[PDB]
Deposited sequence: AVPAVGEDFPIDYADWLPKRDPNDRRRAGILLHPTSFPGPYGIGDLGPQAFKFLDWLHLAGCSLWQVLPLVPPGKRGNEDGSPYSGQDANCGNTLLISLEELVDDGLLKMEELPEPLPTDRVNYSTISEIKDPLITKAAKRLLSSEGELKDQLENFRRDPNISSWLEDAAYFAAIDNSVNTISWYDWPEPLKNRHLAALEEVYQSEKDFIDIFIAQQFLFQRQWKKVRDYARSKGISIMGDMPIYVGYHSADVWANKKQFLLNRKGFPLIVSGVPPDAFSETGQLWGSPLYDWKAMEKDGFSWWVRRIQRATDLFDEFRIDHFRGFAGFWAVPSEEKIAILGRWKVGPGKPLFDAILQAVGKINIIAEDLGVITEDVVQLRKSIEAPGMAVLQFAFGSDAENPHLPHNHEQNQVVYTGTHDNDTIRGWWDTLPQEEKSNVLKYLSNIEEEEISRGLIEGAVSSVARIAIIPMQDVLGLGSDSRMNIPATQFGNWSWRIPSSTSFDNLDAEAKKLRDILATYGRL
């Protein structure tokens, strides 16, 4: 500007305040693709994914939130948070119809329509796995555009940085079949170069098929993401802070983790009173020495899948609970100093600006708040947690801030109707008083409008709440072992029959500036 007291330009008054596009108010739906309806026992990245994104666009939503897309471990269950690998895609999400379109499968090979209500994780692999393998084998023997794209995918330096290790790990797991790589024969456990060369010779078809399957996943997921972008929809993903011990992530990167000389975890994850989670812990001291290269690669893959993502247990970057691996419960651990902002500095330098959502629920310490504010990451508000304490409860709308994501509830919460059904009478009248004496019969509308009308720049509604569903549609009960991750949109409900639900959401998005 000119000196104090001097004339501004004649056009000074045109200099109106700048709206930053990253402050745009948006609404989204939480819907894991396993939950899409269809005839093959599990939702997929096929026709229903495009039908869903058309419905979202009709509803005026500009965000779609999914759970982790990794292959769930089968040491039970279908949990997206117990993955076999941090970077691979769940091959059960591959659309059999899109592979028929590609010429990789024949109409005739498709199974007869399966029961539609719920995912049966005990049977779905045995049905789909042989068909995905058949398609992969046809791709590997093909000589067209898709073969060229497979070759470009497998030679991409970002892809090969995790996929080669993931494929060799899977080939060895299949062949040796121990509970953990801890018990592998020493040449495979300790990655003797000559032993790995022999694995490629004896397990070549397995490794090539595994890689082709990851290409088929990548190509279908990129078609979905491209379609979402064409409709102005961003995809928000999710990642656990910790990875599983029995994975290529640990076996191929042992010095990134706090293991003993035999590769057994010295300390494992959990929370004090408490909860023993049992993941191996990062050697954050050793990671700082190489510029957090392992974490940079994990974030690079996450940005390949998602526009933005949550990190579950974000508090672990500030401080983490470490339990001696011999211990069988959480009580006897210690809080350890997390890497803090220098991890996020390294990621910015290497990958540029990322939109990370900090999962910051429950008892968190001041250093977690300071770390989140230091990287300008939004935290969470969950309305189903707002009404059981006092008016300083940070989940109440009057305590929300602009740089925040508000939920009615996540995949870890009951549906609004299920939550209301088991809510104590004292807490119900509190809810109804807060939401301005609305009637018990309109509690869904009240909580959804409470989220959409928040100052929080992102509001997310689970699809179960749009469809008016009860506790029978809850995705997860934390710590329970059965009935989880299996909810599907019923076969009788089609996106083409939900125009009224889309209009009802669009009208409140318009009123509260999210459209």
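Which bits of the deposited sequence have no atoms placed for their C-alpha?
According to the record, the gaps fall at 1, 78-79, 277-282.
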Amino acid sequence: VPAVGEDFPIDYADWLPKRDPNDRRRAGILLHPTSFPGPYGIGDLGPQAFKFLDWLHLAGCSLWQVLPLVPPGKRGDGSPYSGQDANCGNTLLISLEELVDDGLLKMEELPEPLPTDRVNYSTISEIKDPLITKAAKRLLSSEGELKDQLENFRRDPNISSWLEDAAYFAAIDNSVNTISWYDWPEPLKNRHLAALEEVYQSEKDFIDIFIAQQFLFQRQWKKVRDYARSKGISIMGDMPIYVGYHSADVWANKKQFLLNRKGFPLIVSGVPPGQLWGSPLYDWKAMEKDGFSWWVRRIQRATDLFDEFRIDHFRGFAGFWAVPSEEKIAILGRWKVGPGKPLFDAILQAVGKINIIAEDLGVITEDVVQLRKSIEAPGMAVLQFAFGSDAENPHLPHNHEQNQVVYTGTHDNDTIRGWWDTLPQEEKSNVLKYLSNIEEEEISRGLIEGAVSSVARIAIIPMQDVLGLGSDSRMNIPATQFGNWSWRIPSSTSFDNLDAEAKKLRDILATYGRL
From here on, numbers count along this sequence of modelled residues.
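Of 396-404 and 435-443, which one has the bigger average CA B-factor?
Higher of the two, by average CA B-factor, is 435-443.
Entry-level comparison of average CA B-factors, 418-426 and 161-169, reporting the higher stretch
Stretch with the greater average CA B-factor: 418-426.
Choose from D117, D312, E186, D85 the residue with the greatest Cα B-factor as stated in the PDB record.
By C-alpha B-factor in the record, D117 ranks first.
When the CA B-factors of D465, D472, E449, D44 are compared as recorded in the entry, which is the largest?
If I rank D465, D472, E449, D44 by C-alpha B-factor, first place goes to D472.
Sorting by Cα B-factor within the chain, modelled residues only, which third would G483 end up in: lowest, middle or highest?
It belongs to the highest third of the chain when residues are ordered by C-alpha B-factor.
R25: which third of its chain by C-alpha temperature factor?
Within its chain, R25 is a lowest-third residue by C-alpha B-factor, going by the deposited values.
Using the temperature factors of the C-alpha atoms in this entry, rank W335 within its chain: lowest, middle or highest third.
As the PDB entry reports it, the C-alpha B-factor of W335 lands in the highest third of its chain.
Ranking every modelled residue in this chain by its Cα temperature factor as given in the entry, which third contains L276?
Its C-alpha B-factor, which the entry lists for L276, ranks in the highest third among residues of this chain.
Entry-reported Cα temperature factor of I209, expressed as the chain third it lands in:
Within its chain, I209 is a lowest-third residue by C-alpha B-factor, going by the deposited values.
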